[PDB]
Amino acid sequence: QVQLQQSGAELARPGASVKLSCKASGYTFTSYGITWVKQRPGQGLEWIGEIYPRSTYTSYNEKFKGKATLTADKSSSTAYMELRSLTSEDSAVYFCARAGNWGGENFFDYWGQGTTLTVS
């Protein structure tokens, strides 16, 4: 059973940073990637970026470059997203999801439950 388990909701102050985690289990973590999505309260979905721990490959939406930093720890099958210089626009639910390989399988097939960030 594939599972992605996200860290708990957080309250943060403007100007602070936070580091959100996404723990993967039930499959070979390094055979796939992890991708992150933002949803502001009441709003749509936005793609942040992806990371592939085996090759270290990353891709970012330019909108989030230097707001979001994606890392991964192969030794614990955990992906991280650090959000810096927080503002009220950063209040959202952040999801992680699996990212797949060439051929288009396993893209956004499993999701974490989301982490709510509230910037005060």
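Start at 1 with the first residue shown and count on from there.
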Using only the Cα atoms and their B-factors as the entry lists them, report which of 35-43 and 69-77 averages higher.
35-43
Quick one: higher average CA temperature factor, 109-117 or 1-9?
1-9
Among the candidates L20, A24, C96, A16, give the one with the maximum CA B-factor reported in the record.
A16
Ranking every modelled residue in this chain by its Cα temperature factor as given in the entry, which third contains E50?
lowest
Taking the values exactly as deposited, rank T30 by C-alpha B-factor within its chain and report the matching third: lowest, middle or highest.
middle
Among modelled residues of the same chain, the CA temperature factor third for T56
lowest
